[PDB]
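>
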Amino acid sequence: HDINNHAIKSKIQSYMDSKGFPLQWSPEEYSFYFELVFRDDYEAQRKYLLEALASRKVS
Amino acid sequence: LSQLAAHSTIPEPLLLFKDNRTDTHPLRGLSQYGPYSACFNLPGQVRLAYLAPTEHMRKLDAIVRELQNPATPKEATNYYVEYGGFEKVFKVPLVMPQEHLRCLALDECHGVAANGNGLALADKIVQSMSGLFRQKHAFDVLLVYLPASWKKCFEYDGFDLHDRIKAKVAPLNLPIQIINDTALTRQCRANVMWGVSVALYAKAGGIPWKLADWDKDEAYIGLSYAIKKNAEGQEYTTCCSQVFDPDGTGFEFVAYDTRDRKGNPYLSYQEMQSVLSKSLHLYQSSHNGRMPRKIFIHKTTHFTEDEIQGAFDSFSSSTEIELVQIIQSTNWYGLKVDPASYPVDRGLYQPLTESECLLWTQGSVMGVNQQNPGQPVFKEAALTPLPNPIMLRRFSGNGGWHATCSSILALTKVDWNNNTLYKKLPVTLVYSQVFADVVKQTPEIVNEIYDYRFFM
Amino acid sequence: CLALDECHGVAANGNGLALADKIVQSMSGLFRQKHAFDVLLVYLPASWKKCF
Amino acid sequence: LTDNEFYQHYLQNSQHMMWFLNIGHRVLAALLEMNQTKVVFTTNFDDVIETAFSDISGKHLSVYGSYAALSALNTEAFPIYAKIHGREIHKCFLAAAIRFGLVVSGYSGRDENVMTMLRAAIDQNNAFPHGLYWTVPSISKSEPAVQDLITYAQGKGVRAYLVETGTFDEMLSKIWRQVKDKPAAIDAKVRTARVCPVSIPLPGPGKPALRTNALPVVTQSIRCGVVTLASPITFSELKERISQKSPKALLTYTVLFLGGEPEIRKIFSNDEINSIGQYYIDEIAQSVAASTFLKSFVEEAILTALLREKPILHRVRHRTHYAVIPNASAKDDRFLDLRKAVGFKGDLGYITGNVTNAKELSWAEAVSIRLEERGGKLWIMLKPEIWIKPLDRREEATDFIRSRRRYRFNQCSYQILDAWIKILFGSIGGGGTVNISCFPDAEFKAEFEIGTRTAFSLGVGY
RNA sequence: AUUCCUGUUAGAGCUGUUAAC
DNA sequence: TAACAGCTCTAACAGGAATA
Ligand SMILES: [Mg+2]
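Residue numbers (full-length UniProt numbering), protein chains in the order written: chain S, 60 to 118; chain G, 5 to 263, 268 to 346, 356 to 473; chain X, 107 to 158; chain Z, 4 to 24, 120 to 162, 166 to 187, 206 to 326, 329 to 375, 378 to 585.
Structure representation (structure tokens):
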């Protein structure tokens, strides 16, 4: 599944809402999902944020 | 030891309507936004014809005439919304049939009503409607009415009157919405009006609603069977159904036979691989020949060792096959505590063991009720006090309860024949069962595949 | 399938939008058997030239 | 560190993760060809890694001269394959150790040469910067040396971890199913084979919970008796013998029994009986799952043990047992809670009486008690129900059955189930593991300890 | 058969365990 | 192939209408 598909986005968001997570584009969500995925591991969090915003995709 | 795996409550799936305005509650969304196909104007005006004995033509005409007037629900008012009429709710005019289209049931049918011959009665009804074979373009949906006086031939051992009639007419490609005396008594007029209006609109060719944000690359197969009580042994009729979504906005829900003789409801290697080749072809034609990245199969009984390999050998490596068996009868049942005043939430699935989960297809739904806003609604509170959780047994899926559970939960909401919020089973299972009955009654249907709008 | 006779009336009225809508609405009979037909050969008689 | 954390951490940086050691070889061959996890070490032959790589790509694999591994690693000419065969690769492993984190699977240690190899690799300033991950199929089954080395590395400051995953091939399949941007040819080659024995992990217990009707059974094994016969017997003959004799014991064929010896001497004469011995079914769940005779025997044993000392009557309906309330003992104080639960709008509620519109049918409250073998667990399944005194006239009270239960909603059904649990076990579902025993005054008795609290689970949340 | 699936009454098919033929 | 146990489903009827 490609994340920018509407169907896959809706399915993933429904799954997230199934486990009681915040609903939609609401505050304390971005940090919430970061702290959920990386379970308070700031080195791995930094490495992922570096990889996503790395200096190869920037034009 | 009294601790179980954490349950997860799948949210209520959304339905797609006109201008892609989503809503969980189907009838309310139909009132607010209209049918999904209203933007395409696919049905246009709806033109319908009659076929009934002349003595009860006034009652058939009265129900159709009522269809064009508002109705307010008195039963199940906690769920049903005010009806606004076919012209307003569906944004489509309802056409009064002309005398040329209107037909009368031939007299000898009444006579054969005394004889108690179901096959003769069905054939005589088909010959009565034969006056409408040439004028297929004039009308879209036929409204066959069977009077209560024919109840002797309605149902008896080895024969089903509606099943036989639809099995005879489907090859004729005429869409009928059989109406019996039941329609006009279920005290609540809005209930029946929603039912008939949605059935006729979908029967006409329109799509009242579609699964919101449904993946077009996944095909949900469903296999069911039916019993024919042979004199010497038993006969098992197995038929498949597909509910995939093509490249366009079209729903594409079909039913077909799996075929020479079967004494057990378990498809062998050859038969299962053949039917899975056959349903794949229907998906490819609708989807421009692209293969399905994931296949769901819902069988009422467990998959055999040979049957799983048959399902596998029919597809390529890219396809993901999640074989699932759906069990309706289980010893388990759930009670919701926070003791909740309303039963356990619909969609709450509980993973019991590896490849065994409990799905609460039946249950309370939030925000659907009309009266007393902001309160849960239990659809089956009339029949059962508490919901009965169905059980999924996984046989092939690599991983993930969410995929199958959400897919099934959403599938239990696109039964247009059903005028309530949901069902107990995915539409694949119920339509495979209906077509299994149709094929069991009429053996000369096995060759061709049929759409859902015929047998719904 | 067979086009509605109302298409002829619309064509005589010289209304292209309604004519196209009626031609599309005539497709419902083929819609059920969407599985049945891979392609569709839509023909337009010369009498509809006024809306071509 | 749970495998999910290991997968999130391993997937993010698979370019620089070393591997020390059929989907698993196949996924590894695809993973190498893909230039990820450049260096792989191994102990054994398994010459199938290079064969799988050749099948994947079509070119030979460098397999390991004096310092050929050193030359290949230092020149950065990946992918590199070297077998320990246990100091030629020792220098190379130490050189590899700083460059990328290592994960070792399929190895329990037990070899001092590689043990000292790894311990010497740990000491340097930046050793295994990404981490050392030990993946064994089961944590508790691993050798003590592995845990000792993990603790030593953690004390040294390295980020070594011991994570529990499945089999190495299954672990690699789960890893590869989430690796991104893989060429079409590789995916066609591997396709992760096919998963016949589906086994998806149950999530954590987590914390609007639902309360089920299932009572756990923790009695993992029971003791029972065996009788030896000089002649073959059929189950139907035994069943009709019990019906005609009605002993105070439970019988089945697999011939197996539970009760008093004199009852066995009554049911079976001396001539047909050879000897009486004992049977110890070590795994009750597996036994009742494999054999249905054991299932029926065990469920009937639990039923007999459950209503042995209680005034409630025990009935049977389509081979399902029911705990039906007798009319004579319906006035007990223990039923008072049930009197409250059936009661309408907070009043006393009748639990046994006469149906309003039938001549002689008498209705009572009851619960169907069933045995459910789910996974490897036994559950006692309680279903509230309305029993009718004539077994074959039940349908004549159908409307009444619909009338009484019409409003037994979630709160009312919750009260009914709690009251029935209290009646059946005498204690509430808080810290309850009460014990029952069937035929306590017999040589072959069965004691079962049933958890009093019904099974339940809380929805996982943040 | 506008619908929903709750009950009742039965039977079949799958598995098993025995007895064999 | 003939019993036995359980799991599960369909075949025919009957049947009331969604927290009272
Ligand atoms: Mg219908």
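Ideal Cβ placement from N, Cα and C applies to all residues, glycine included.
Any idea what DSSP makes of residue 21 (chain Z), helix, strand or coil?
Reduced to three states, the DSSP call for residue 21 (chain Z) is strand.
> Using a Cβ cut-off of 7 Å, which residues of the segment 534 to 557 of chain Z contact any Cβ in chain G, in chain order?
Under the 7 Å Cβ criterion, the segment 534 to 557 of chain Z contributes 534, 536, 537 and 540.
> Run the CB neighbour count on residue 206 (chain G), radius 10 Å, all protein chains shown included, and call it buried at 16 or more, exposed below.
Residue 206 (chain G) comes out buried.
> Which class does residue 280 (chain G) belong to by DSSP, given the choice of helix, strand or coil?
Residue 280 (chain G): helix per DSSP, three-state reduction.
> Using a Cβ-Cβ cut-off of 6 Å (strictly less than) and excluding sequence neighbours within five positions of residue 129 (chain X), which residues of its own chain qualify?
Closer than 6 Å at Cβ, skipping near neighbours: no residue.
> Count the other CB atoms, across all protein chains shown, that sit within 10 Å of the CB of residue 84 (chain S); report buried if there are 16 or more and exposed otherwise.
Burial call: exposed.
> Could you confirm whether any beta carbon from chain X is found closer than 8 Å to the beta carbon of residue 423 (chain G)?
For residue 423 (chain G), the answer is no, since every Cβ of chain X falls outside 8 Å of its Cβ.
> Which residues of chain S have a Cβ atom closer than 8 Å to the Cβ of residue 218 (chain G), listed in chain order?
The answer, in chain order, is 66.
> Considering only C-alpha positions, which residue in the set G:209, G:294 and G:271 is nearest to residue 248 (chain G)?
If we check each option's Cα against that of residue 248 (chain G), G:294 comes out closest.
> Have a look at Z:442, Z:392 and Z:421 and flag the residue whose alpha-carbon is nearest the alpha-carbon of residue 514 (chain Z).
The shortest Cα separation from residue 514 (chain Z) among Z:442, Z:392 and Z:421 belongs to Z:442.
> With distances taken between CB atoms, is the gap from residue 165 (chain G) to residue 126 (chain G) smaller than 8 Å?
Cβ atoms of residue 165 (chain G) and residue 126 (chain G): closer than 8 Å.
> Comparing the C-beta of residue 116 (chain S) with each C-beta of chain Z, is any distance below 8 Å?
So no, residue 116 (chain S) is outside the interface.
> Run through chain S and tell me which residues come within less than 9 Å of residue 351 (chain G), C-beta to C-beta.
Coordinates for residue 351 (chain G) are lacking, as chain G steps from 346 to 356 with nothing built in between.
> So, using beta-carbon positions, are residue 429 (chain Z) and residue 501 (chain Z) closer together than 8 Å?
No. Outside cutoff.
> Please classify residue 379 (chain G) as buried or exposed, where buried requires at least 16 other C-beta atoms within 10 Å of its C-beta.
The residue in question, residue 379 (chain G), is buried, as its Cβ has 16 or more Cβ neighbours within 10 Å.
> For the segment 311 to 326 of chain Z, which residues have a beta carbon sitting closer than 9 Å to at least one beta carbon of chain G?
If the cut-off is 9 Å between Cβ atoms, the segment 311 to 326 of chain Z has 311, 313, 314, 315, 316, 317, 318, 319, 320, 321, 322, 323, 324, 325 and 326 near chain G.
> Listed by chain order, which residues have C-beta atoms less than 6 Å from any heavy atom of ligand 1?
Cβ-based neighbours of ligand 1 within the cut-off: G:181, G:203, G:434 and G:473.
> Does the separation of the CB atoms of residue 252 (chain Z) and residue 9 (chain Z) fall below 8 Å?
For residue 252 (chain Z) and residue 9 (chain Z), yes; Cβs fall inside 8 Å.
> Count the other CB atoms, across all protein chains shown, that sit within 10 Å of the CB of residue 60 (chain S); report buried if there are 16 or more and exposed otherwise.
The residue is exposed, with fewer than 16 neighbouring Cβ atoms inside 10 Å.
> Using three-state DSSP, classify residue 438 (chain Z) as helix, strand or coil.
Of the three classes helix, strand and coil, the one that applies to residue 438 (chain Z) here is strand, per DSSP.
> Short of 8 Å Cβ to Cβ, which residues in the segment 365 to 388 of chain G face chain Z?
For the segment 365 to 388 of chain G, which is checked against every Cβ of chain Z, the residues closer than 8 Å are 365, 367, 368, 369, 370, 371, 372 and 373.
> Does any CB atom of chain Z fall closer than 8 Å to the CB of residue 224 (chain G)?
Not an interface residue.
> Mind pulling the chain X residues with CB within less than 9 Å of residue 208 (chain G)?
Those are 134, listed as they occur along chain X.
> In chain Z, which residues lie less than 9 Å from residue 98 (chain S) when you measure between Cβ atoms?
8 and 11, listed in chain order.
> Using only the alpha-carbon positions, how far apart do residue 144 (chain Z) and residue 130 (chain Z) sit?
Distance between the alpha carbons of residue 144 (chain Z) and residue 130 (chain Z) is about 16 Å.
> State the Cα-Cα distance for the pair residue 505 (chain Z) and residue 539 (chain Z), rounded to the nearest angstrom.
When rounded, the distance between both Cα atoms is 11 Å.
> Which same chain residues, not among the five before or five after residue 14 (chain Z), have their C-beta less than 8 Å away from its C-beta?
For residue 14 (chain Z), where only same-chain residues beyond five positions count, the Cβ hits under 8 Å are 294, 297 and 298.
> List, in order along the chain, the chain G residues whose C-beta lies closer than 8 Å to that of residue 504 (chain Z)?
Under the 8 Å cutoff, chain G gives 339 and 340.
> Could you tell me whether the Cβ atoms of residue 434 (chain Z) and residue 410 (chain Z) are closer together than 8 Å?
No; because the gap between Cβ atoms is not below 8 Å, this pair is not in contact.
> Helix, strand or coil, according to DSSP, for residue 118 (chain X) in the structure here?
Three-state result, residue 118 (chain X): helix.
> Taking the alpha-carbon positions, what's the residue 474 (chain Z) to residue 383 (chain Z) distance?
Approximately 36 Å, taken between the alpha carbons.
> List the residues of chain S whose Cβ lies closer than 7 Å to the Cβ of residue 12 (chain G), in chain order.
In chain order: 77 and 78.
> Distance check for residue 389 (chain G) and residue 151 (chain G), CA to CA, integer angstroms please.
If you take the alpha carbons of residue 151 (chain G) and residue 389 (chain G), they lie about 39 Å apart.
> Who pairs with residue 186 (chain G) in a beta bridge, going by DSSP?
According to DSSP, residue 186 (chain G) bridges with nothing at all.
> Quick test of the definition: if touching needs 3 or more C-beta pairs under 8 Å, does the segment 381 to 401 of chain Z touch the segment 563 to 582 of chain Z?
The segment 381 to 401 of chain Z is in contact with the segment 563 to 582 of chain Z.
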